[PDB]
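Below is one structure, written out as structure tokens, with a few remarks after it.
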Amino acid sequence: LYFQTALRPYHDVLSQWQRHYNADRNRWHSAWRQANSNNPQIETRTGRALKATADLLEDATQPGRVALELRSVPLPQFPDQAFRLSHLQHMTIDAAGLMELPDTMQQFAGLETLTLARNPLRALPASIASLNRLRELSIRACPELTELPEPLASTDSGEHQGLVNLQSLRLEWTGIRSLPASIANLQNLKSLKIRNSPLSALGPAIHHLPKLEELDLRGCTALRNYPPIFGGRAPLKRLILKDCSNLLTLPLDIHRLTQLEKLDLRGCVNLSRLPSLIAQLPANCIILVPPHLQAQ
Ligand SMILES: [Cl-]
Ligand SMILES: [Cl-]
Ligand SMILES: [Cl-]
């Protein structure tokens, strides 16, 4: 009745966090052990392993620390007060049983690179798109991640917001089936790799990316058509469609990739024909094809 604020010491937050995940093991614990099944040297005693994580978290808050590297230590979720890590420029969370990232990713405002690997992660928070300093985002072996958040970037005025500094996006062995339309808004994206994922479709606006030089879609066995170029002037130099086993067609206007230097079609066993105007690709463009297409 006579209230007229406070803040739990991080060490108390971390002790509560350890006791919590030590008691409540659903989902994360088997995922963390599975991800590390070929690593018998990691700490697998649950309390000790969570304590190791807590200690690394506490260390990362100190000045000096540029990077938080969590490899094979358990981190089901970040403890509260994640804003303590706002100064970090690099973060890796690998084989950690990571189930979810903080809803307010703005708390990691300093990040220039983020790598998430071998986690049961099902979604990325929408606020991940507020990381304006993020240059590289890498997600590998996160089979339960089925969608990217949106918008990834937006454009007014013509002014740009969101992941405006992102240069490289890698999504390998994920459950992602399609990309947000806003992918085409990433003004600084130079390299897009989506590998071994059920990517089912790709829109032609991907060719409107102003700086995209490399598109690597290898092992996307659900992809059945590659989209037309149309008016797209993306300065694409490398197009890797290796082992897209169900790819049936390339567009007829594929020759509009006037800067193409490498086209890799090996393992495209269902690609019935090449476009006739594939002779119109640049002379010094290395084209690799499966045997059934070599004659053409
Ligand atoms: Cl560095
Ligand atoms: Cl800045
Ligand atoms: Cl979107």
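According to our numbering, the stretch in the sequence shown is residues 1 to 296, in order.
Beta carbons: idealized from backbone N, C-alpha and C, even for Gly.
Ignoring anything shorter than 3 residues, give me the beta strand (DSSP E) runs that lie fully in the stretch 103-174, in order along the chain.
113-117, 136-142, 153-155, 160-162 and 168-174
Would you check whether ligand 1 has a heavy atom nearer than 7 Å to the C-beta of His87?
Position 87 of the sequence shown, counted from the start, is the residue given in the question as residue 87. Result no, Cβ not under 7 Å from ligand 1.
Taking only heavy atoms of ligand 3 into account, decide whether any of them is closer than 7 Å to the Cβ of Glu150.
Taking the sequence shown and counting its residues from 1, the one referred to as residue 150 is at position 150. Yes; taking the cut-off as 7 Å, the Cβ of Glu150 has a heavy atom of ligand 3 nearer than that.
Which residue from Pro120, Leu50, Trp32 and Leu148 puts its Cα closest to that of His20?
Start at 1 with the first residue of the sequence shown, and residue 20 comes out as number 20. Nearest option by C-alpha distance: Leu50.
With a Cβ-Cβ cutoff of 8 Å, do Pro149 and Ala126 count as a contact?
Here residue 149 corresponds to residue number 149 of the sequence shown, with the count starting at 1. Here residue 126 corresponds to residue number 126 of the sequence shown, with the count starting at 1. For the 8 Å CB-CB criterion, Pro149 and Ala126 form a contact.
Straight-line Cα distance separating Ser72 from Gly203
Here residue 203 refers to the residue found at position 203 when the sequence shown is read from its first residue. Here residue 72 refers to the residue found at position 72 when the sequence shown is read from its first residue. Answer to the nearest angstrom: the Cα atoms are 37 Å apart.
Cβ-Cβ distance between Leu239 and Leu215 below 8 Å:
Your numbering for residue 239 matches position 239 in the sequence shown. Your numbering for residue 215 matches position 215 in the sequence shown. Taking 8 Å as the Cβ cut-off, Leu239 and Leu215 qualify as a contacting pair.
Taking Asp12 as part of the alpha helix (DSSP H), name the residues at either end of that continuous run.
For this step, residue 12 is matched to residue 12 along the sequence shown. Taken as a continuous stretch (DSSP letters only), the alpha helix (DSSP H) holding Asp12 covers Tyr10 to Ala23.
Roughly how far, in whole angstroms, is the beta-carbon of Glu213 from the beta-carbon of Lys190, given that I think they are within contact range, below 8 Å?
As a working note, residue 213 is residue 213 in the sequence shown. As a working note, residue 190 is residue 190 in the sequence shown. Right, the Cβ-Cβ distance comes to about 5 Å (below 8 Å), so this counts as a contact.
beta-carbon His20 near ligand 1 non-hydrogen atom, thresh 7 Å:
Within the sequence shown, numbered from 1, the residue matching residue 20 stands at position 20. No; taking the cut-off as 7 Å, the Cβ of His20 has no heavy atom of ligand 1 nearer than that.
Between which two residues does the alpha helix (DSSP H) carrying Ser30 extend?
Residue numbering aside, residue 30 sits at position 30 when the sequence shown is read from its first letter. Unbroken alpha helix (DSSP H) run through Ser30: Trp28 to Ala35.
Thinking just about the alpha-carbon of each residue, which of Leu277, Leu68, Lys262 and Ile278 is nearest to the one in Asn284?
What you label residue 284 is simply residue 284 of the sequence shown in a count that begins at 1. The residue with the shortest Cα to Cα distance from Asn284 is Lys262.
Comparing the CB of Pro63 with every heavy atom of ligand 3, is any distance shorter than 7 Å?
Against the sequence shown, residue 63 aligns to sequence position 63. No, Cβ of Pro63 sits at least 7 Å from all heavy atoms of ligand 3.
Ranges of the beta strand (DSSP E) found wholly within the stretch 168-223, counting only runs of at least 3
For the stretch 168-223, whole beta strand (DSSP E) runs of length 3 or above, ordered along the chain, are 168-174, 191-195 and 214-216.
With hydrogens ignored, establish whether the beta-carbon of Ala126 is closer than 7 Å to any heavy atom of ligand 3.
Position 126 of the sequence shown, counting from 1, holds the residue named residue 126. Outside the cutoff, so no.
List the whole-angstrom C-beta distance separating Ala117 from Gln89, where the pair is believed to meet the contact cut-off of C-beta under 8 Å.
What you label residue 117 is simply residue 117 of the sequence shown in a count that begins at 1. What you label residue 89 is simply residue 89 of the sequence shown in a count that begins at 1. Not a contact, Cβ separation roughly 19 Å.
For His292, which three-state DSSP category applies?
Here residue 292 is taken as the residue at index 292 of the sequence shown, counted from 1. Taken through DSSP and simplified to helix, strand or coil, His292 comes out as helix.
From the DSSP output, in three-state form, read off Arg256 for me.
Working through the sequence shown from its first residue, we reach residue 256 at position 256. Note: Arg256 maps to helix in three-state DSSP.
Pull up the distance between the alpha-carbon of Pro210 and that of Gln81, whole angstroms please.
For the purposes of this step, residue 210 is taken as residue 210 along the sequence shown, with counting starting at 1. For the purposes of this step, residue 81 is taken as residue 81 along the sequence shown, with counting starting at 1. Those two C-alpha atoms are separated by around 38 Å.
Ordered along the chain, which non-local residues of its own chain (more than five positions away) have a Cβ less than 6 Å from that of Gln167?
For the purposes of this step, residue 167 is taken as residue 167 along the sequence shown, with counting starting at 1. Cβ neighbours of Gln167 beyond the five flanking positions: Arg135, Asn188 and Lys190.
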